[PDB]
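Written below as structure tokens is the structure these notes are about.
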Amino acid sequence: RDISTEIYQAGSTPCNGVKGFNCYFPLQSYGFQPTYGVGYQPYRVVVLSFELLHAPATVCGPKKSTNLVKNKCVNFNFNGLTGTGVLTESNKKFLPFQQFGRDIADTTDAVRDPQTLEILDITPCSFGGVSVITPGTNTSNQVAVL
Amino acid sequence: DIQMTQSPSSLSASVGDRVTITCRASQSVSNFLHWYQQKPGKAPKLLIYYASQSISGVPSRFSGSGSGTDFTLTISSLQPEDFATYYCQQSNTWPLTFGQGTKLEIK
Amino acid sequence: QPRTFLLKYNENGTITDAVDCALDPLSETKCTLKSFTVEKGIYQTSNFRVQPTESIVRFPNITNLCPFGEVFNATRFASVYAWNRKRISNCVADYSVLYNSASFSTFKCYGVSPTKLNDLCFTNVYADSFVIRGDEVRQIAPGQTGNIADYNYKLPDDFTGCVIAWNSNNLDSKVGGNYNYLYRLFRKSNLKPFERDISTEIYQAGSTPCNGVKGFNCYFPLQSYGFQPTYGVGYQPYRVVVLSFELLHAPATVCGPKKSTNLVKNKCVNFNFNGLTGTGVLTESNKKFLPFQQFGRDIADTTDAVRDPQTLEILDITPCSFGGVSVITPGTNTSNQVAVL
Amino acid sequence: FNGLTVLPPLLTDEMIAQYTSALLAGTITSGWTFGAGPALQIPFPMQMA
Amino acid sequence: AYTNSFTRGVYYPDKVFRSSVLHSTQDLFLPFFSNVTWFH
Amino acid sequence: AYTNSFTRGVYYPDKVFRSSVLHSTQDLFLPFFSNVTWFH
Amino acid sequence: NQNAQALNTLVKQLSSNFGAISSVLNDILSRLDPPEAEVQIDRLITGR
Amino acid sequence: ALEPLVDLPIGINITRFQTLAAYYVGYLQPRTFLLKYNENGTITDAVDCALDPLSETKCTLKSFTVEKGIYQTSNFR
Amino acid sequence: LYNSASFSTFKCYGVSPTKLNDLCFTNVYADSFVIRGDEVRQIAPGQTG
Ligand SMILES: *[C@@H]1O[C@H](CO)[C@@H](O[C@@H]2O[C@H](CO)[C@@H](O[C@@H]3O[C@H](CO)[C@@H](O)[C@H](O)[C@@H]3O)[C@H](O)[C@H]2NC(C)=O)[C@H](O)[C@H]1NC(C)=O
Ligand SMILES: *[C@@H]1O[C@H](CO)[C@@H](O)[C@H](O)[C@H]1NC(C)=O
Ligand SMILES: *[C@@H]1O[C@H](CO)[C@@H](O)[C@H](O)[C@H]1NC(C)=O
Ligand SMILES: *[C@@H]1O[C@H](CO)[C@@H](O)[C@H](O)[C@H]1NC(C)=O
Ligand SMILES: *[C@@H]1O[C@H](CO)[C@@H](O)[C@H](O)[C@H]1NC(C)=O
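Chains as they are written, first to last, in PDB author numbering: chain A, 466 to 611; chain B, 1 to 107; chain C, 271 to 611; chain D, 855 to 903; chain E, 27 to 66; chain F, 27 to 66; chain G, 953 to 1000; chain H, 222 to 241, 263 to 319; chain I, 368 to 416.
Take a look at the structure:
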């Protein structure tokens, strides 16, 4: 915010206090009349600047809460943090200023919950490639699956 | 700011001859130039104004012509009592600039 | 201070030890190796380069200055019926002498900003000049209509240019009236922008055409201002020099001034030669340039030499010395003393 | 050029030649016994024999 | 009076848990072995 | 009349100093051994 | 010859525009705004 | 090698021309040239890359002396 | 805020307009001022004036 009222110097010689020769006052007025057009009308701007996670999350929405379930593959939403995994008990003793734990390469490892402050661990759900043992279609269609 | 020059600097003349002195401007003064005459110990007087026209009340032994950046007058009948330093004066741009002088001398 | 640390966390979840990345090259090696224990050998930690100490700006010398003295400093400004258009081109136009002096009070440059004017490259400047009444400041503007706008001289709706004008009372006012300056009240056509109606026809209003005589409902449009020094500021002489601009039709030939900077040799500088920029060490050369060439390039399009403006010297561009920073260490068991290559 | 450096080799050109002169002197003097253990000299007709 | 800062001035960066990981961050830290000003 | 243009008609394309180097450029040029038309 | 020609190709690909208005980074910063000069720089970054 | 003299920013469209006892009028076409620069900076010899396939090998290899062998220089379509 | 038809210039970059309640934001900087009528374009990231 530039609230200062120092006069602007343009051409050559600094006046330093007198509005005059090459010395214009920086704060000039709108001067709104209702006879003006829509490109001259007032416009009450209210801009809502966010940052997306410089801080712990404080401004949530009006969506209803959901009861928690233990040791199952769920799609959780931890104050805007959307992810998948199972939610198990954890023995990681956090200091009370942490709100979430972070793993290697921008993946979230442990989150403490809203309304309860009980610590949870995020482990991803069980995945893996599938593989087929076959003797060939010329011999038999019996398939072992790995 | 107009570098106003004239050639020749010191030229001689005789009785009753036809002399031609020119005076040149750096920038275009196309139709506004005045011609003066100055005897020693005497204030000048207009001779030719706007490089073509002449003042009423001057002896018409001379006439002036020229445009662009080349200006002159021709004295068709010179007399020995002149011997004076001739001056040009433009009228186009500030500041107003004179010439150095063409002093006429008798042999 | 904005430093970079390397924190070691624990099985508790607490910080045990740390190093500073900018303290010494040993902990710089610990930062770039991401461990507290370095082994015996050589490691490249960072890149060293010589910074530009100061910059030099170079541009060709101004020997072709634009005729702004012929359009501002003139004895006879032509009137608005015979407003004088001069095309200003093939030179360098200085608007800083215009903006830095305040004989005027009414800049109001529509389109381009009044401040940033010497940097933009225009192509064609139309310097018009006319003298109007003192209260007609609002009429010379895009969009505004009236006598001076509609029937005298129209500025266009998308006008890009400055409306430079000073209100002079000493020069163009004669005691008794300067009747040389003239304007039109009555005209049967709204003038399109950049048009010049010098015709002296008789205006017919009511019923019957006069056609050569003057009388009842037949007004001569050519009427005098009649400037007097005892008038107010709305009736004072008002000397206008309006400058029209590019309108995207030509290549650029009229530009703003460019301040030259004195060169220093054998140092790492950030140079600018005729629009070609770069960072390097300038030194003398024995390479014979042909007289039309401005800069020389080596193998694979790297500028090896440049011809110096304003003195016709040939300067060799050597890039500033750079290399990786190598740290000799015996290992953290042996010693903490390091050597830097 | 910009961003390009050429690292010098650790073994120089006058000193790779010292290895080749050492291998030549060891070969001509001793056959192949310097490649096996200690350098045992031999006359060169007996070596070529 | 002036004192060496030694190896003090180390804090937690961004209120986030991390365990047994050599982590590099760039924040406003106190430099090691710098001069602090002593008032008594 | 017509004449073969031989190897004439080569200008400096870019006003750049170049030394001991083979340079390939793509501007408008007169082709070698083309028909140049002879007038009187 | 292969090493010097690979280095000469590596220097010679700095002159490529990669679809941008010019290949000189200071030239495309000196006359353009930041958030279109961003995508003009980014083409040169991914090409080089 | 023909040196430049002037560069005039006129920006007017030119389509036909006329000349004020004998002269040659040739026409320019957008073809690639290989230019040999001397140590002083002047052009010593030049090679038109669209004249014959020997000059296509010269413009491909960027040399005025080609060695013995086979060179893939262009594509027939 | 979204269902109020008094506004005509909601005009939201960053987070998309239609899914806005579902995220939980941390710091919301509700600034407020009054400007000249055709200066809608200058309050935008990048457009200058
Ligand atoms: C149009 O005319 C004006 C007025 O003559 C020019 O403005 C500058 O005015 C000042 C004083 O009025 C003068 O500056 C002089 O500079 C010299 C050298 O520094 C100094 O020795 C003198 O004592 C004096 O201060 C001079 O008339 C003029 N300055 C110049 C020409 O550099 C104005 O430049 C003219 N041209 C335009 C395009 O406006
Ligand atoms: C299928 O297998 C049998 C014996 O293994 C073989 O004789 C036969 O040729 C095979 N079929 C084909 C199409 O190769
Ligand atoms: C806490 O720190 C101690 C000290 O090294 C460590 O032995 C222990 O494993 C940590 N964790 C717990 C849960 O006590
Ligand atoms: C020092 O050496 C010992 C064995 O010689 C090793 O166990 C120890 O880890 C080393 N210290 C380090 C790498 O900090
Ligand atoms: C280069 O120019 C110098 C002086 O003009 C001359 O002596 C020399 O022979 C030239 N080198 C050539 C033509 O290879």
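Quick reminder that beta carbons are idealized off the backbone N, C-alpha and C, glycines included.
Worksheet item: What residues from chain C crowd round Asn969/G, counting only those whose CB sits closer than 8 Å?
Response: Annotation: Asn969/G has no Cβ neighbours in chain C at a cutoff of 8 Å; minimum Cβ distance is about 13 Å.
Worksheet item: Out of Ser438/C, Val327/C, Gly446/C and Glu471/C, which has the shortest C-alpha to C-alpha gap to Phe342/C?
Response: Taking only the C-alpha atoms, the option nearest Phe342/C is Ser438/C.
Practice prompt. Decide if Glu516/C is buried, meaning its Cβ has at least 16 other Cβ atoms within 10 Å, or exposed.
Written response: buried
Worksheet item: So, does the CB of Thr523/A fall closer than 8 Å to a CB anywhere in chain I?
Response: yes
Item to complete: From the DSSP output, in three-state form, read off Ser297/C for me.
Response: helix
Worksheet item: Closer than 8 Å, CB to CB, is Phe515/A near chain L or not?
Response: Among the protein chains of the structure shown, namely A, B, C, D, E, F, G, H and I, there is no chain L.
Fill in: Same chain only: Cβ atoms within 6 Å of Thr307/C, ignoring 5 sequence neighbours per side
Cβ neighbours of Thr307/C beyond the five flanking positions: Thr602.
Fill in: Helix, strand or coil at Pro986/G according to DSSP, with G and I counted as helix
helix
Practice prompt. Take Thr302/H and list the residues in its own chain whose beta-carbon comes closer than 7 Å to its own, dropping the five residues that flank it on each side.
Written response: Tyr313 and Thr315
Practice prompt. Could you name the residues of the segment 577-594 of chain C whose beta carbon sits closer than 9 Å to any beta carbon of chain F, in the order they occur along the chain?
Written response: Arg577 and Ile584
Worksheet item: With a cut-off of 8 Å, does the C-beta of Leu864/D fall near any C-beta of chain G?
Response: no
Discussion item. For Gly232/H and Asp442/C, I'd like the C-alpha separation in whole angstroms.
Written reply: 40 Å
Worksheet item: According to DSSP, is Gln239/H helix, strand or coil?
Response: coil
Item to complete: Measure the alpha-carbon distance for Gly476/A versus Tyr489/A and round it to whole angstroms.
Response: 10 Å
Worksheet item: Between the beta-carbon of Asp70/B and the beta-carbon of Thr102/B, is there less than 8 Å?
Response: no
Worksheet entry | Bridge-paired residues (DSSP) for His34/B | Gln89/B
Worksheet item: Under 7 Å from any heavy atom of ligand 1, does the C-beta of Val524/A make it?
Response: no
Practice prompt. Within its chain, find whatever has a CB closer than 7 Å to the CB of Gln564/A; leave out the 5 residues flanking it on each side and keep chain order.
Written response: Contacts found: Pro521 and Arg577.
Worksheet item: Can you name, in chain order, every residue of its own chain whose Cβ lies under 8 Å from the Cβ of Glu471/A, other than the five neighbours on each side?
Response: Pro491
Item to complete: On the DSSP bridge assignment, give the partners of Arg357/C in chain order.
Response: DSSP output for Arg357/C lists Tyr396/C as bridge partner(s).
Discussion item. Residues around ligand 3, please: the ones whose beta-carbon is closer than 6 Å to some heavy atom of it, in chain order.
Written reply: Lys558/A, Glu281/C and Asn282/C
Practice prompt. Run down chain G in chain order and give the residues with a C-beta less than 7 Å from the C-beta of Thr572/C.
Written response: Here the neighbours are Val963.
Worksheet item: Relative to the C-alpha of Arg466/C, which residue among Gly339/C, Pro322/C, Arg319/C and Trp353/C is closest?
Response: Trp353/C
Discussion item. Beta carbons nearer than 7 Å to chain I: which residues of the segment 497-513 of chain A have them?
Written reply: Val503, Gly504, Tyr505, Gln506, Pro507, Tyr508, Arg509, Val510, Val511, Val512 and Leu513
Discussion item. Between the alpha carbons of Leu552/C and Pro561/C, how many angstroms are there, rounded?
Written reply: When rounded, the distance between both Cα atoms is 20 Å.
Worksheet entry | Straight-line gap, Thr961/G to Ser60/E (C-alpha atoms, nearest Å) | 48 Å
Practice prompt. Have a look at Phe456/C, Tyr451/C and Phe565/C and flag the residue whose alpha-carbon is nearest the alpha-carbon of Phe347/C.
Written response: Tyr451/C
Item to complete: Please name the residue in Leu303/C, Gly485/C and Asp428/C whose C-alpha comes closest to that of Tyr473/C.
Response: Just measuring C-alpha positions, the residue of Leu303/C, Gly485/C and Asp428/C sitting nearest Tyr473/C is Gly485/C.
Discussion item. Closer than 7 Å between beta carbons: that is the criterion. Which residues of the segment 278-302 of chain C meet it against chain A?
Written reply: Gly283
Worksheet item: Do you know offhand how far residue 338/I's Cα is from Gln414/I's?
Response: The requested residue 338/I does not occur in the structure, where chain I is confined to residues 368 to 416.
Worksheet item: With 8 Å set as the bound, which would you pick, yes or no: does the beta-carbon of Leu223/H sit closer than that to a beta-carbon of chain F?
Response: Using a Cβ-Cβ cut-off of 8 Å, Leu223/H counts as an interface residue toward chain F, since at least one Cβ of chain F sits closer than that to its own.
Item to complete: Using the DSSP secondary-structure output, state which residues sit across from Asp287/C in a beta bridge.
Response: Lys278/C
Item to complete: Spell out whether any CB of chain E is found under 8 Å from the CB atom of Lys528/A.
Response: Taking Cβ atoms only, chain E never reaches closer than 8 Å to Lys528/A, which makes this a no.
Worksheet entry | Interfacial residues, the segment 29-44 of chain E to chain A, with Cβ spacing under 8 Å | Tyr38, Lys41, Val42, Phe43 and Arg44
Practice prompt. Check the Cβ of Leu977/G against every Cβ in chain D and list those closer than 8 Å, keeping chain order.
Written response: Contact of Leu977/G with chain D by beta-carbon distance below 8 Å is absent, the smallest such distance being about 12 Å.
Worksheet item: Comparing alpha-carbon positions, which option in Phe429/C, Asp287/C and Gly504/C lies nearest residue 622/C?
Response: In the structure as shown, chain C starts at 271 and stops at 611, and residue 622/C therefore has no counterpart that could be examined.
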